[PDB]
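Read the structure below first, then the notes.
Any value given below was found using the heavy atoms of this structure, including those in side chains, with hydrogens, waters and symmetry copies removed. Naming convention: chains lettered A, B, ... in sequence-line order (proteins, then strands); numbering from 1 in each chain.
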Amino acid sequence: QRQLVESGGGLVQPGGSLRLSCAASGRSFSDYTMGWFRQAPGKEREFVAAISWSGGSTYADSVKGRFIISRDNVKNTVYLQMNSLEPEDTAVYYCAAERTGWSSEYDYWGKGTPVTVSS
Amino acid sequence: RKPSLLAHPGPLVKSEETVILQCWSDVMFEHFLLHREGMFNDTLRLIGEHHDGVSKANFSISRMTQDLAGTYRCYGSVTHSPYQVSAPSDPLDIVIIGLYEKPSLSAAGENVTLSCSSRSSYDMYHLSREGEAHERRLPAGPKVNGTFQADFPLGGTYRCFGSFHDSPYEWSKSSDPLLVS
Amino acid sequence: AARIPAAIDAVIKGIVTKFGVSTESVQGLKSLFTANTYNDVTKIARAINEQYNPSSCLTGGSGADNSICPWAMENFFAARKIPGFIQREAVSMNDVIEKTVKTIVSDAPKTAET
Ligand SMILES: *[C@@H]1O[C@H](CO[C@@H]2O[C@@H](C)[C@@H](O)[C@@H](O)[C@@H]2O)[C@@H](O)[C@H](O)[C@H]1NC(C)=O
Ligand SMILES: *[C@@H]1O[C@H](CO)[C@@H](O)[C@H](O)[C@H]1NC(C)=O
């Protein structure tokens, strides 16, 4: 049903900030739970944040207090405001969608956006 | 008269997650009785909220548990002195999903059949068409490949689930969705 | 002299006279009315729901003797307002049974002793 496209990735200094965006082009967007995941070099893909169909947010403990997830149901977009970035945050960031109420999985995935926190 | 009962965003709910059950009718019921049939039976008395000819009531599950999974039916409350309740709504299954390994799902005017397979010894398989409140169920049979299966004849987006006999409302993780076109 | 068996018998008499169910039926739960679980409010409320199925009273009942249905009508189905759950958008009958059991268990040492 969906096709997700991430943007906003790039090079940033430690303590810097970056805002990622995800454009979703499918029906019933407001009913999906939208998530952000990341894969650092040599590591498994991990959960970073999620925004429920109701607007409620969830964060990975490694990102708690520094990142903010938000959604825009008019534009069908998801955001990840990443503040206080450290070199440990260097990863490819993925946008994903879950058809809550019909699936237990994030079935839809974007191709990623690279985030590098230098030195 | 029979009210309507739906689940938002859907009736296939992950553990500890949320679902809203909505009772509604064009008959202005002061109250609604939401009955659950399952491992822990219960009735919920909901205030009938009135607006522009409709009576609605929401039952929000803020954290999905085994106790809250079951077949739900909504009734409108008619009178208190000559005690009267309406006909029940169509049954709605509220299921806990994501508990076991995900099964595999395989596929104008032609007969299409969808198959539910897993190496896990599920007793029942459930086919789900996304957006449609009711699910189809079928028992599992063993194959010589060490895999259990169920074929669903269709005669949308689809997902497959497995479950055990002793817990009919606790399903596995959904299979990868299969778009039928 | 027998402080605990008296408290177990007071909880049983409390359930009987409050819920209107038979003495024999409440006493059937032998594992429940022991010295370690006679005052376990959660287990007793769940046992009452499991054994009497008060949700079967939804349509009204049948007039069967020692049925929980008159209690369920007066305190849930046909109540103008539910005591303890007043001005509440959603009320669970199991929570109403649990609040009733909690009052029974609290008033048991007061009644048996006196
Ligand atoms: C749990 O409830 C099951 C079904 O409930 C009955 O049917 C629904 C549609 C309503 O009419 C309701 O008032 C009825 O009670 C029972 O079959 C089952 O035995 C119950 N479980 C226990 C342990 O009592
Ligand atoms: C009931 O829940 C539905 C689904 O979330 C929602 O659209 C509706 O606004 C709710 N009703 C009330 C009275 O808030």
By side-chain hydrogen bond (donor to acceptor under 3.5 Å, both in side chains) - contacts of [X] (at least two apart):
X	value
C:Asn53	B:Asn41
B:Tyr72	B:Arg36
C:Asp40	none

Separation of [Y] [atom2] from [X] [atom1] (nearest 0.5 Å):
X	Y	atom1	atom2	result
C:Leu32	C:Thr37	CG	OG1	5.0 Å
A:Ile51	A:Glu98	CD1	CD	13.5 Å
C:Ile104	C:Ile44	CD1	CD1	8.5 Å

Pairs meeting criterion ring-ring contact (aromatic ring centres under 6.0 Å, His included) with involvement of residues 34-57 of chain C, two or more places apart: none
Pairs flagged by ring-ring contact (aromatic ring centres under 6.0 Å, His included) wherever residues 39-61 of chain A is involved - sequence neighbours left out: A:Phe37-A:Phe47, A:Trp53-B:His8
Please determine, by modelled atom types, if [X] and [Y] share a side-chain donor-acceptor pair under 3.5 angstrom.
X	Y	answer
B:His35	B:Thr43	no
C:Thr103	C:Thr100	no
B:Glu170	B:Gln66	yes
B:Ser175	B:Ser104	no
B:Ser118	B:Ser120	yes
B:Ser115	B:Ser117	no
B:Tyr169	B:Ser167	no

Salt bridge (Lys or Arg N to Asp or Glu O under 4.0 Å) pairs, two or more places apart, involving residues 72-88 of chain B: B:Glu37-B:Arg73
Salt bridge (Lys or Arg N to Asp or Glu O under 4.0 Å): pairs with one or both residues in residues 60-85 of chain C, sequence neighbours excluded: none
Residues C:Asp107 and C:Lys102 bridged, charged N to O under 4.0 Å: no
Salt-bridge present (B:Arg119, B:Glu101; N to O < 4.0 Å): no
I'd like to know if the side chain of [X] and the backbone of [Y] have a donor-acceptor N/O pair within less than 3.5 Å.
X	Y	value
B:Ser174	A:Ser104	yes
B:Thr79	B:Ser81	no
A:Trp102	B:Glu132	no
B:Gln149	B:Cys116	no
C:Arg88	C:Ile82	no
A:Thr113	A:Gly9	yes
B:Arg136	B:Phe152	no
B:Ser89	B:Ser4	no
B:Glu135	B:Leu127	no
B:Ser25	B:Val27	yes

Test of ring centre spacing under 6.0 Å for A:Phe29 and A:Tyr32: no
Residue pairs fulfilling disulfide bond (SG atoms under 2.5 Å apart) with at least one residue in residues 37-79 of chain A, sequence neighbours excluded: none
Ignoring hydrogens, what is the shortest heavy-atom contact between [X] and [Y]? Give both atom names and the distance.
X	Y	value
B:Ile96	B:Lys14	CG2-C, 4.3 Å
B:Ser60	B:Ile20	OG-CG1, 3.9 Å
B:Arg1	B:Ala87	NH2-CB, 4.0 Å
A:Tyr93	A:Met82	CE2-SD, 3.9 Å
A:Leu4	A:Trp109	CD2-N, 3.9 Å
C:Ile68	C:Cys57	CG2-SG, 4.2 Å

I'd like to check [X] versus [Y] (side-chain heavy atoms, cut-off strictly below 4.5 Å). Are they in contact?
X	Y	result
B:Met39	B:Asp67	yes
A:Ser70	A:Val78	no
B:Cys74	B:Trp24	no
B:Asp151	B:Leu114	no
A:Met34	A:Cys22	no
B:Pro9	A:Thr100	yes

Stepwise side-chain contact (heavy atoms from CB on, under 4.5 Å) test for B:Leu33 and B:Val85: CA-CA 9 Å; B:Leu33 292 174; B:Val85 293; 3.8 Å; yes
So with a 6.0 Å cut-off around [atom1] of [X], is the heavy-atom count from everything else above 12?
X	atom1	value
B:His50	NE2	yes
B:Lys56	NZ	yes
A:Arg19	CZ	yes

Solution key, residues 154-164 of chain B side-chain donor-acceptor pairs under 3.5 Å, sequence neighbours excluded:
unit_1	atom_1	unit_2	atom_2	d
B:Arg159	NE	A:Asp107	OD2	3.1
B:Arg159	NH1	B:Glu130	OE1	2.6
B:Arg159	NH2	A:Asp107	OD2	2.8
B:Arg159	NH2	A:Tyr108	OH	3.2
B:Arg159	NH2	B:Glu130	OE1	3.4
B:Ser163	OG	B:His126	NE2	2.6

Full working for side-chain contact (heavy atoms from CB on, under 4.5 Å) between B:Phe40 and C:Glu50: CA-CA 7 Å; B:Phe40 198 54; C:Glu50 212 62 21; 4.0 Å; yes
Partner residues of A:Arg71 under the salt bridge (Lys or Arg N to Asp or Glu O under 4.0 Å) criterion, sequence neighbours left out: none
Salt bridge (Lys or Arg N to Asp or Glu O under 4.0 Å) partners for A:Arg38, two or more places apart: A:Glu46, A:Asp89
Could you go through residues 14-24 of chain C and list every donor-acceptor pair under 3.5 Å that involves a side-chain atom there, pairing it with any protein atom two or more places apart or in another chain?
unit_1	atom_1	unit_2	atom_2	d
C:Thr17	OG1	C:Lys13	O	2.7
C:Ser22	OG	C:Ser25	N	3.1
C:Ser22	OG	C:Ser25	OG	3.2

